[PDB]
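Student: Before I ask anything, here is the structure I am working with.
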Amino acid sequence: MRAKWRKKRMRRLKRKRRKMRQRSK
Amino acid sequence: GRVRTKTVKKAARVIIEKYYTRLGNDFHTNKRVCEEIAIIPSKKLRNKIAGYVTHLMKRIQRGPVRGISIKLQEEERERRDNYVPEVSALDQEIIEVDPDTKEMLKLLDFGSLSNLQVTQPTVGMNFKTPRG
Amino acid sequence: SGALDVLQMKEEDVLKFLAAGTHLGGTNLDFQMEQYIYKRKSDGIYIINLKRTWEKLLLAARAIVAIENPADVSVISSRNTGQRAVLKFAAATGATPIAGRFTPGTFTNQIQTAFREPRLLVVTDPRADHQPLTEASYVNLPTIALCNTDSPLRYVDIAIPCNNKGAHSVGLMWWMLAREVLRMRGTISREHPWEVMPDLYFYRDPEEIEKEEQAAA
Amino acid sequence: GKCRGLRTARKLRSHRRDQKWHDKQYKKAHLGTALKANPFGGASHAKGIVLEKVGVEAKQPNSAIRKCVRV
Amino acid sequence: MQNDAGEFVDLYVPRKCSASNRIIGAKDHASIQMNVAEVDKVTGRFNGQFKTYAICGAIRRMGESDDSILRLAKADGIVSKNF
Amino acid sequence: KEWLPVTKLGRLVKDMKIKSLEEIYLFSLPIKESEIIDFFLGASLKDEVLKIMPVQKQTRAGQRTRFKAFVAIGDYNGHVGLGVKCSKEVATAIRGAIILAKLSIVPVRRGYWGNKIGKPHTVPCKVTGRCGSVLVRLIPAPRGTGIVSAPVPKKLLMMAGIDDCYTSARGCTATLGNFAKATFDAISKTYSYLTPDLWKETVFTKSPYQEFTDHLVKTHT
Amino acid sequence: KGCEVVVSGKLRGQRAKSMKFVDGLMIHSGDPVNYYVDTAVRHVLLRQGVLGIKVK
Amino acid sequence: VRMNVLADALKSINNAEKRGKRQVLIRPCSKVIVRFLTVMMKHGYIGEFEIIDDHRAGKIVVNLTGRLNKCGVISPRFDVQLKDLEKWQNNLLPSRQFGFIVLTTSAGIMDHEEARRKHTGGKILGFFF
Amino acid sequence: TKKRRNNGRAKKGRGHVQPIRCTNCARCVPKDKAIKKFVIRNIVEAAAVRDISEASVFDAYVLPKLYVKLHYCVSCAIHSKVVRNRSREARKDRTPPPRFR
RNA sequence: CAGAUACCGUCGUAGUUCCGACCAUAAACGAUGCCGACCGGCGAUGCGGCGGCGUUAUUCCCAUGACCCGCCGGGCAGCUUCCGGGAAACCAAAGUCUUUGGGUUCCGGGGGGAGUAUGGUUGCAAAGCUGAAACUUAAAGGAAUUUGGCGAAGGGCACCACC
RNA sequence: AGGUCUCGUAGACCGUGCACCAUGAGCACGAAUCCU
Ligand SMILES: [Zn+2]
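Protein chains in written order, with this note's numbering: chain C, 30 to 54; chain P, -13 to 118; chain A, 17 to 233; chain Y, 356 to 426; chain W, 38 to 120; chain D, 103 to 323; chain S, 9 to 64; chain B, 93 to 221; chain R, -2 to 98.
Given below as structure tokens:
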């Protein structure tokens, strides 16, 4: 795996973690 | 594919360098010489040697080759580079000389020689080729 | 080298220099050759000194007569321009000639039959014969060279500036070099003209060989 | 050795200090997390009680099972 | 080489070049001891006097040893002062 | 077991016209016969092996093994050398190694530490030798300290005859060939370092080949 | 003008290894192998195995 | 920008020494170079040196011979006492038989042996061997 | 590791050049990096020029040429046999190939 | 194609373009920080200046535009090198280095975890900067020589290959 | 007035993509010195 797509899946999981942060206060 | 190996070429080389006077362009005659002068274990190799000596005789008869040093053609080079001619082509009555070289010969140890003839200088120094 | 009032040119050596065209050089220069060259004239040909080259022939002659064994001077020419004058020089002075295809094992390979290691190494062109100098580097061997203005100066000890392109200039200066060697040796006189011919050192194309054969007897 | 001046030494102190904090043995030897993660608490030996025995397997070049206890 | 008594400790002293004045190693085979001749003062012939010169391998590989030998012979008195 | 020389230097040595290898190193003639040094150094020259190392080359069918041996020779009050030879079998490997070691030996100088009494014990000055990545530095030491280093330049300095030295190293000294060549560079550079002892202009004696080239040309052709 | 000795068997281990020591000139192919080369093959009875000798 | 004059002068003469030149053109003419080269002459390392003076920073012409190995400059100007000079000549000087460490003092500029004889220390300047 | 002293292009003190496209494909390639070919061509080759010659109105009528400039990417250059790889020691030769005919 | 929401072909929303308000990310790479001193050559190139034969704006003159022969200073670069350095590829700097010190800013200590969680901070949003620990592993990596395998290329060969 | 100007005739650089083409169970490897 190259670094670009693991950075992309990091961005996706960080986005969904921020969504669960805003929906789980 | 009929090419000669190194053994037959070296054998023909040494027997054509050491024996030349008792030879000839006829295949059978120098084949019998190859019988007489050299102990050969085979006969096909004998035919190979005799044919190659015949071919090298046809190569010698048009000019010298760079594999042998035969005494009949030897000392022809020595006579040809050992002659002396009458004129040396250097003690001429005319020597053609540039003005800057005249200024050089003015300053060495002479002032003017009686075999000294000058040219005019050139009009343009376009000497180097156009490359870019 | 010129310290005496006998060891100069009288009238004729500069005449032979003018006849052979030894004063004409190449267009490009070297960074070590500005002191051996007078100036630069028109049409891009460097004009060289003659006193300096005379001093270089005197120094090289002193180096040759310095050793006592005449067989310990190896003189090498691979180019065809001066390959015969090397043989005549070795015939006149007893030197060891190499003419054409200097094999890379004469100085450093011991098991070969052609194993030579003399006092003196004399060569005709450092530009063309870049090969024997690098092999003679590994033995304590000095180098006498016949240098042009475009020739690189490397593993050199005495650089004689000359015109090593025309065969007449080269054969003339080998004839003068042999003349100085026999003068300091004492075989020939210093004032009596011993000149057998200078034509014995000149090389020429085989077309002119055939032309001279048909023109002469 | 980069800074060569007669009155620059606090810069060298701060540089050596930060570059010492960028270590590994000095990082573990001067933090409470590395000492508190040690189950011994910086002790040579410790006592305990055994609950059950667990048989763990070895690594793939050397195939065996090693007898161990859970303390 | 000497001591408080006075004997020379070193087995030999290595040569230095007369132009370079740096020492030459034991395995520097490019360093040479070139020898020139001296001429008689009236007749112009060899007599037997030698002027041995030495040059290092670094300048010889550089190729500027020829002017060094020229300067050495000028200081010796071989090459003409006009030149 | 007689000797037939192939060089003119070997012939002049066999004509007993060389007293010692001192003037041979002084004029720096190339030594290319191993039997000349054997003729010079007799019972005082002994050796010991350093390492036998396997070197393998992969070909079409299997692997091709080839063994290289490092040996260090040396007389215990002077000249030492190092020789490496690589071959298939170990016997001609060690034979070519000791022969090539006898081909390349160098003279050394020993100096004093502060005061000048008796015979020397240590290097005259700080010399450094580099090859590959290894840094080898030899520093003079007082009398009676002894050679302190890594064990194999320690035993090489024991072959050197040097009694005391202070040594420091940098990099991978595990490569014993590179380490041995680096410390040989450090030892062999003891003449290529100008000191105030040799500041007079040296007198030039005649070359030995210049001295006996008449005998050589009357002996051989 | 040339000889060799070829040995094989169980030497200093459990795997079979062969050692050959050549010196000089030796001819493989053709008729002149018949009246110039003499070959002897023998079995050596050691303790750990049987060893072979090849001499030409 | 030119900061230390003696460092540039010693670097230039050291480079021309290792290359093999005989005549060296040192760009500035500060008097510390003059004192350093007088120490070098009376030590016997180099020969004669010239000085070209004008209405600006003139040049230095130094005649070289093959008797100098390396001259260096310690920067910045460290303070060396008489009790600590032996550690400096241990970690800096190549041998105890030769090599000299110049230093500036209140009684002038000289090598280390004159400083030990006259019992005075000062700041460091450089070294040569 | 480093393969060339340059980087397959002609940018030394510039930083950016205007990119162009290819001819065989449509790959966007910078100008100094792209291999460019400019071959002079005829409309008809040496078999049809005679049938132009005697079957024409005007005698000695000189035939016009085909001047077109081609720019290739390096992949389609090597694949269509425009440039060929050489050895590492023989890579350092900037002269064009000789034109015997 | 077995499967093709991929390679290919036809349409095609946002975007690609300009104005204005924003984020400050790249293989933003000469993967080589800034200033200054020193140590070899050669041949062209761009600017400004200097000297000199001749040709041309048609035949005489002046300096000019265009040249040719050379020089100076700055700049992009090129070839060879036993200066020197390095693990080597290579570098006229990546040199002047155990013989280690010209002045100065930032930055890295095996490989993952991880540029991750948390804390701070800026933004409309996307996100940017600062930034761990626990735990696991004896390897992860750089240069280069030799057989290997290329749906890589050049010369040939084989009725155990083809026509 | 003569009535085929002379000297040898690489005189082939016509062309560009090219169908679909995946995977391989681990056990099975050893490093050296000289004479009597
Ligand atoms: Zn394309």
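For every residue, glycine included, the Cβ atom is placed at its ideal position computed from N, Cα and C.
Does DSSP classify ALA115 of chain A as helix, strand or coil?
Tutor: DSSP places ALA115 of chain A in strand when its eight states are reduced to three.
Student: Compute every distance between the C-beta of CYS22 of chain R and the non-hydrogen atoms of ligand 1, then say whether any falls below 7 Å.
Tutor: yes
Student: Using a Cβ-Cβ distance under 8 Å, would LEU367 of chain Y count as near chain B?
Tutor: no
Student: Sorry if obvious, but does the Cβ on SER72 of chain R come closer than 7 Å to a heavy atom of ligand 1?
Tutor: yes
Student: Using the beta-carbon count (16 or more within 10 Å), is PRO120 of chain A buried or exposed?
Tutor: exposed
Student: When you compare the CB of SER251 of chain D with every CB in chain A, is at least one pair closer than 8 Å?
Tutor: no
Student: Looking at the structure shown, is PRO148 of chain A part of a helix, part of a strand, or coil, going by DSSP?
Tutor: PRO148 of chain A falls in the helix class under three-state DSSP.
Student: So within the region 4 to 41 of chain R, which uninterrupted beta strand (DSSP E) runs reach at least 3 residues, ignoring any that extend past its ends?
Tutor: Segments of the beta strand (DSSP E) lying fully in the region 4 to 41 of chain R: 32 to 39.
Student: Confirm, please, whether the CB-CB distance from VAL13 of chain S to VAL49 of chain S is below 8 Å.
Tutor: no
Student: With three or more C-beta pairs closer than 8 Å as the rule, is the region 126 to 146 of chain D touching the region 165 to 173 of chain A?
Tutor: no
Student: Between which two residues does the beta strand (DSSP E) containing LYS375 of chain Y stretch?
Tutor: Note, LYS375 of chain Y: premise wrong, no beta strand (DSSP E); alpha helix (DSSP H) at 365 to 376.
Student: Taking one C-beta from the region 213 to 220 of chain B and one from the region 169 to 177 of chain B each time, how about it: are there three or more such pairs within less than 8 Å?
Tutor: yes
Student: Using C-beta distances below 7 Å, list every residue in its chain close to residue 111 of chain R, excluding the 5 sequence neighbours before and after it, in chain order.
Tutor: This structure leaves residue 111 of chain R out entirely; chain R is present only between -2 and 98.
Student: Is DSSP giving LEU63 of chain R helix, strand or coil here?
Tutor: strand
Student: Pull up the CB-CB distance for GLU135 of chain D and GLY112 of chain D, whole angstroms please, since I reckon it's below 8 Å.
Tutor: 5 Å
Student: Against chain D, does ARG188 of chain B count as a neighbour if the rule is that its beta carbon must be under 8 Å from one of theirs?
Tutor: yes
Student: If you compare alpha carbons, which of Y:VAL426, Y:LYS379 and Y:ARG371 is closest to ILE404 of chain Y?
Tutor: Y:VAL426
Student: May I ask you to report which of helix, strand or coil DSSP gives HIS385 of chain Y?
Tutor: In the structure shown, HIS385 of chain Y adopts coil according to DSSP, grouped into three states.
Student: Would you report the Cα separation of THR124 of chain A and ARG272 of chain D, rounded to the nearest angstrom?
Tutor: 37 Å
Student: Straight-line CA distance for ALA57 of chain R to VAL36 of chain R?
Tutor: 25 Å
Student: Excluding sequence positions up to five away, which residues of its chain have a Cβ less than 8 Å from the Cβ of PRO134 of chain A?
Tutor: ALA87, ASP88, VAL89, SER90, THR112 and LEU157
Student: If you drop the 5 nearest sequence neighbours on each side, which residues of the same chain put their C-beta closer than 6 Å to that of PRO209 of chain D?
Tutor: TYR127 and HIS181
Student: Using a C-beta cutoff of 8 Å, does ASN58 of chain W count as contacting chain B?
Tutor: At least one chain B Cβ lies under 8 Å of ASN58 of chain W.
Student: Would you tell me roughly how many angstroms separate the C-alpha atoms of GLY53 of chain P and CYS20 of chain P, rounded to the nearest one?
Tutor: 19 Å
Student: Which term fits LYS43 of chain C, buried or exposed, when burial requires 16 or more other beta carbons within 10 angstroms of its beta carbon?
Tutor: Looking at its Cβ environment, which holds fewer than 16 other Cβ atoms inside 10 Å, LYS43 of chain C is exposed.
Student: Using a beta-carbon distance cut-off of less than 7 Å, what residues from the region 119 to 130 of chain D approach chain W?
Tutor: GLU124, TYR127, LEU128, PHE129 and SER130
Student: For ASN16 of chain P and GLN147 of chain A, I'd like the C-alpha separation in whole angstroms.
Tutor: So the two alpha carbons sit approximately 44 Å from each other.
Student: At a CB-CB cut-off below 7 Å, which residues of chain B make contact with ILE69 of chain W?
Tutor: Residues of chain B passing the Cβ test: none, with the nearest at roughly 17 Å.
Student: Go ahead and pull the three-state DSSP assignment for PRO253 of chain D.
Tutor: helix
Student: Across the region 261 to 279 of chain D and the region 228 to 242 of chain D, are there enough close Cβ pairs to call them in contact, namely three or more that are closer than 8 Å?
Tutor: yes
Student: At a cut-off of 7 Å, would you count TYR219 of chain A as near ligand 1, judging by its Cβ distance to the nearest heavy atom?
Tutor: no
Student: For the alpha helix (DSSP H) containing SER72 of chain R, name the first residue and the last one.
Tutor: Per DSSP, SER72 of chain R belongs to the alpha helix (DSSP H) from 71 to 76.
Student: Considering only the alpha carbon of each residue, which of P:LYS88, P:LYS114 and P:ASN33 lies closest to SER100 of chain P?
Tutor: P:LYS88
Student: Report the residue ranges of all beta strand (DSSP E) runs contained in full by the region 66 to 108 of chain A; include only those spanning at least 3 residues, in chain order.
Tutor: 89 to 93
Student: Which residues, taken in chain order from the region 120 to 142 of chain B, show a beta carbon closer than 8 Å to some beta carbon of chain W?
Tutor: From the region 120 to 142 of chain B, no residue has a Cβ closer than 8 Å to chain W.
Student: Any heavy atom of ligand 1 closer than 7 Å to the beta-carbon of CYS19 of chain R?
Tutor: yes
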